[PDB]
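Visitor:
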Amino acid sequence: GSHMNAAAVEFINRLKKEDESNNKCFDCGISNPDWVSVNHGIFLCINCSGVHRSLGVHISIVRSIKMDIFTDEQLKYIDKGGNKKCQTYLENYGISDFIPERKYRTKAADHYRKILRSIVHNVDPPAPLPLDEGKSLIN
Ligand SMILES: [Zn+2]
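For what it's worth, my numbering labels the leading residue of the sequence shown as 3, then goes sequentially.
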């Protein structure tokens, strides 16, 4: 109901006040992103959320902070992620400046999804991905 929705917004705002990079869109950098790619634990603007939608459900799961209800598991993805952790991971593999169709289909981005998922489920992470495999795209 209304209470569960309001507590979720309060949670997101805490994460935006904790890690300031959550207050800029992950892909384009504009301030006050009101959308989330849950699967990546990142914050996006309305336009970049549209780009993510065209990537398909295997790549990105998109939610609006203003308009959508969030499941408790979905909020955990954001709690264990954030813009900073994803950006650092993508930068480390040299793929952070790739356009979305390439960036989110890299082994590096796919590997980050698996890492975040494992943190959410409190299980062992996948083996570290070799740097030279990171730029290659998944099938
Ligand atoms: Zn954007």
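By construction, the Cβ of each residue, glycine as well, lies at the ideal position given by its N, Cα and C atoms.
#1: Output the boundary residues of the alpha helix (DSSP H) element that contains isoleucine 14.
#2: Can you name, in chain order, every residue of its own chain whose Cβ lies under 6 Å from the Cβ of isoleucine 80, other than the five neighbours on each side?
#3: Cα-Cα, which of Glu103, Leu133, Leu131, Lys137 is closest to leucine 57?
#4: May I have all residues whose beta carbon comes closer than 6 Å to any heavy atom of ligand 1, sorted in chain order?
#5: So what does DSSP say about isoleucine 48, is it helix, strand or coil?
#6: Among the residues of its own chain, which have a CB less than 8 Å from the CB of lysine 86, if the five just before and after it don't count?
#7: Look at the alpha carbon of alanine 110 and the alpha carbon of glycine 52, and state the distance between them as a whole number of angstroms.
#8: What separation, rounded to the nearest whole angstrom, lies between the Cα atoms of residue 2 and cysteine 50?
#9: Would you mind stating whether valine 40 and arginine 65 have Cβ atoms separated by less than 7 Å?
Guide: In short, the structure shows the following:
#1: As a working note, residue 14 is residue 12 in the sequence shown. Run containing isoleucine 14: 4 to 20, per the alpha helix (DSSP H) assignment.
#2: Counted from its first residue, the sequence shown places residue 80 at position 78. Within the same chain, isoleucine 80 has close Cβ partners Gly43.
#3: Taking the first residue of the sequence shown as 1, we reach residue 57 at position 55. Among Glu103, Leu133, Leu131, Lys137, the Cα nearest to that of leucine 57 belongs to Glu103.
#4: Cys27, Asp29, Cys30, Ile32, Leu46, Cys47, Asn49, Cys50
#5: If you number the sequence shown from 1, residue 48 lands on position 46. Three-state DSSP puts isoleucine 48 in a helix.
#6: Numbered from 1 along the sequence shown, position 84 holds the residue referred to as residue 86. The answer, listed in chain order, is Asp21, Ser23, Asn24.
#7: The residue you call residue 110 lines up with position 108 of the sequence shown. The residue you call residue 52 lines up with position 50 of the sequence shown. Straight-line Cα distance between these residues: approximately 22 Å.
#8: The requested residue 2 is not part of the displayed model; the chain covers only 3 to 141.
#9: Position 38 of the sequence shown, counted from the first residue, corresponds to residue 40. Position 63 of the sequence shown, counted from the first residue, corresponds to residue 65. Contact flag set, yes.
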